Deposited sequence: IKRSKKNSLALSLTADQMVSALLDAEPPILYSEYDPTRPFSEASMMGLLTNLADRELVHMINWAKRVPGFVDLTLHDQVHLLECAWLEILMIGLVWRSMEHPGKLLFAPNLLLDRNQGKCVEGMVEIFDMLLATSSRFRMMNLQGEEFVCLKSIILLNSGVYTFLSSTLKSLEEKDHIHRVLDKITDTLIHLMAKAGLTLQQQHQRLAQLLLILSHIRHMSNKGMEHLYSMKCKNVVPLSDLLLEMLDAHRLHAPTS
């Protein structure tokens, strides 16, 4: 008997909020002007430390520990960059034109050009952050979206037991759906507005997937700045 399908929506939001990982700092100081490899080393150094927090945040997501260890590895392997980007996009809502990688690392769109091929990813990230700002995304909606990515991004990429696990993931996903609608009901949106906003939120997950695939492409080509040990294992899962 799982506890994820047993929680209520208010208890669901409370659980996701409590499980939120912190916002890590960068090793950046404006006194040294970075280069292409210097900034790429910082983002690699930051994302590697976030992965450790994300892995422990994943355990506290309702339903994730109710899966096999091999399936937990698969979900994180497929979703890790999506999780990082939507976190970056969430931190950057109140900084138009800027991507707040860290409280001390607020990068401009023009500074993203310091890496060849990074500008397109930055613009998609900036457009995504602008979209959350226009929607006035709520933190209770963010934790729901982020946990949805964890359970949905690798569910169609994996036996009668393997099919029994996918049935549990869809039950948790349908629960998080209710939780989102519950949030939109408290806010006072009409029924038509709840269906529209719910569609708007989940349609953005399609873009976050696009940015992850595009970004993953260049990530396993520049390695050919040296990458981290755990970061290489996350990259080999996407070849």
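Gaps in the model relative to the deposited sequence occur at 1 to 6, 165 to 167, 234 to 236, 252 to 257, listed in sequence order.
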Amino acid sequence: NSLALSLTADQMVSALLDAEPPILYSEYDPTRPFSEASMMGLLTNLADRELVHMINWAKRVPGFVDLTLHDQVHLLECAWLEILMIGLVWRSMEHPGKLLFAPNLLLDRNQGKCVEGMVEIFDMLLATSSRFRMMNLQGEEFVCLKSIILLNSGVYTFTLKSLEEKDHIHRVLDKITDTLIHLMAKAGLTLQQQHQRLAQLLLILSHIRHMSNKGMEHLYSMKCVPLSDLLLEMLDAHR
From here on, numbers count along this sequence of modelled residues.
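Take the two forms, find the largest set of C-alpha atoms that superpose within 1.5 Å, and that set is the rigid core.
Averaged as a root mean square over residues and superposed structures in 8 other deposited structures of this protein, CA distances to the shown form are larger in 214 to 222; the pair compared was 19 to 27 and 214 to 222 with a core fit.
Of the other compared PDB entries of this protein that include residues on both sides, all give residue 77 atoms, none of them, and so not a third, leaving it without.
In every other compared PDB entry of this protein that covers both flanking sides, residue 94 is modelled, so it falls short of the one-third threshold for missing coordinates.
Look at the C-alpha B-factors of 119 to 127 and of 74 to 82. On average they run higher in 119 to 127.
Higher mean CA temperature factor, per the PDB entry, when comparing 14 to 22 with 226 to 234: 226 to 234.
Residue set 113, 133, 146, 95: peak C-alpha B-factor at 113 (per PDB entry).
Of the candidates 177, 196, 56, 31, the one whose C-alpha carries the top B factor in the deposited record is 31. Sort the modelled residues of the chain by CA B factor and residue 42 lands in the middle third. Among the modelled residues of its chain, residue 208 has a C-alpha B-factor that falls in the lowest third, as given in the PDB entry. Sort the modelled residues of the chain by CA B factor and residue 152 lands in the lowest third. Per-chain ranking of the deposited C-alpha B factor places residue 49 in the lowest third. Residue 60: CA B factor lies in the middle third for its chain, per the PDB record.
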